[PDB]
Every structure is written in C-alpha cells, then in structure tokens.
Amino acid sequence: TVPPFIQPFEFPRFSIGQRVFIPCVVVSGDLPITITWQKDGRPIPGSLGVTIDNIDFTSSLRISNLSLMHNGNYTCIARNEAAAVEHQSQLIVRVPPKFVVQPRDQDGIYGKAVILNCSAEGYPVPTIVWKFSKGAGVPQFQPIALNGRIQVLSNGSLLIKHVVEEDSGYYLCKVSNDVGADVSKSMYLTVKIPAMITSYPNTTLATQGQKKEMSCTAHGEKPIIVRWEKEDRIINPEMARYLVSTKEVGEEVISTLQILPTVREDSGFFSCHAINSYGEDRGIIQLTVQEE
C-alpha cells in the first residue's frame, strides 16, 4: 500500500581524512523495508572501508578515514512489497596540491637524456610548471624553453632529451589546481662531461735535430688521463727523446708531447687519448719531419 520515501540527502563538502556518516532515512512506507546502497551503479566493494549501519528504517554509510577512493555517486535504494525508490548524491573530496616529497639533486651526463621527477599530490590532478636558474649563483628563476629537446611529461616529470652544459643549474616545480597552489624546493642539476679532446693541430711540421712540441686540449670531469700513441704504440715515459707534460688552464687540461731532438722516423700519426669515468675521446696529429 504505502510506498517507501527517502528523506532527500546531499553530501556536504568534505576534507580529506575526515570522518563521514551519511544516513538514508526511509521516513514513510509500509514495513518491512529493505535498504541497500550502490556506488557508481555497483555494490560497494569491501576494499573501500565503508561500514553500513542498518537501523530499523535507516541505512548509514560510515567512513573512519575519507580518501580519494571514496569519490563517486552513491545510491540509496528502499524497497517494500509496494514499490522501490532511489536517492543519489555525489561524494566529492578535493586534495590541495601538496609537495610531501621534494625533487632531489641529480647528475645529468652531457649528450644523454635526464628526467627531473616532480610528483605532487592533489585532486583534481594539479597542472605542473617548471622554472630554471642557469648555474650555481643566487637563483633567479625564469620560465623554461619547451622546443622538442625539453618536454614536460604526463606525470609532470621534466625530460631533457640531450643534456648540454647550459642545462646545469637550479630547477623547481610549481603545482596548482582549483583548491590551491604550491612551489617545490629547487633541486640542482649537475651536468657530467665525458672526456673530450677539444683542440689540436691536424698536421704539423718539424725539422730533424730540432725540438718539436704538439699539444692537445682535453675537457671533462676529473680525474682525466691523457695518453699519447705513435702508430698504436703507447708513448711510455721511459722513451728516450719523448716527454709528455700536462698543465691545467681553468677546467681544461693541456697535454704536450715534446720530441727533442726530432728524427725523420718520428714522422706519422700521433694520437692523444683522454679518458674519465664518463667517456673517452681522441685527436690525431700528422707529424712530418723535414731535413736539417
């Protein structure tokens, strides 16, 4: 005879981690009345930690610790012998964009890919914006030039496809959604330089009986070793008329092979080889020796 009627309910605005109790109250209708709940048109999964209290003409959702997994549309269904009725509401809980875990200092290797990590929490999923202060001075943060080589990824991590020395510096990460904004602490990106031979004469001429010096300039992370070779034999110190010497000029190493005196047989290909933990390189110098 008298059908059930549910007292209209609407979920208030909630904060993450609060306690929630929401009753479905069947204020009229002949007994007995069966009251059940759905979430998003399905039974509430036991995984969700929602308690259901069925007390006479009521059924209540009880949640000890509100989390993002509780977001969704909840339906109360009240059925007796005469009729079944439904009432529904949307549970919305929003999370302010929070930096709980900051970005870490990282090493990038010149010429290779680096990802700068920046997961912040927030719902709605926050929009992520990166800033950059070139080099290790007092930071002055500027927008970043996105141009294929530098991209922001879906998870909000910064991709540098081919690191150059100019990428070395402070990076930070700003997050906003409707609820708020946050600005990460900066991290420092160090660009590691594989050993490079940057400069040498391609071909050079000596005179029999005279001193000849040939130099190579190397760059890269220290320690860096420069060795010389003549037609795949290593020029060892014990070699009588050859002297290898090194000097530091700024961040560069200048290696000099001195021959004293030069003989006709010194002519041919010399190589200077630089190695550090990150890489190696070589230069080739053709020596010709003219007559006295």
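Numbers for residues come from their place in the sequence shown, where the first is 1.
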- Task: Identify the stretch, either 258 to 266 or 52 to 60, whose C-alpha atoms have the larger mean B-factor according to the entry.
- Result: 258 to 266
- Mean C-alpha B factor from the entry: is it higher for 129 to 137 or for 201 to 209? 129 to 137
- Query: Say you rank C216, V93, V85, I144 by Cα B-factor from the PDB entry; which sits at the top?
  - Reply: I144
- Whose CA atom has the top B-factor in the entry, of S157, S89, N71, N80? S157
- Message: Splitting the chain's C-alpha B-factors into thirds, which one does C76 fall into?
- Response: lowest
- Task: State the tercile, meaning the lowest, middle or highest third, of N65 with respect to the CA B-factors recorded for its chain.
- Result: middle
- Sorting the chain's modelled residues by C-alpha B-factor and splitting them into thirds places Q290 in the middle
- Task: Tell me, lowest, middle or highest third: where does the Cα B factor of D40 rank within its chain?
- Result: middle
- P237 CA temperature factor, ranked by third within the chain: lowest
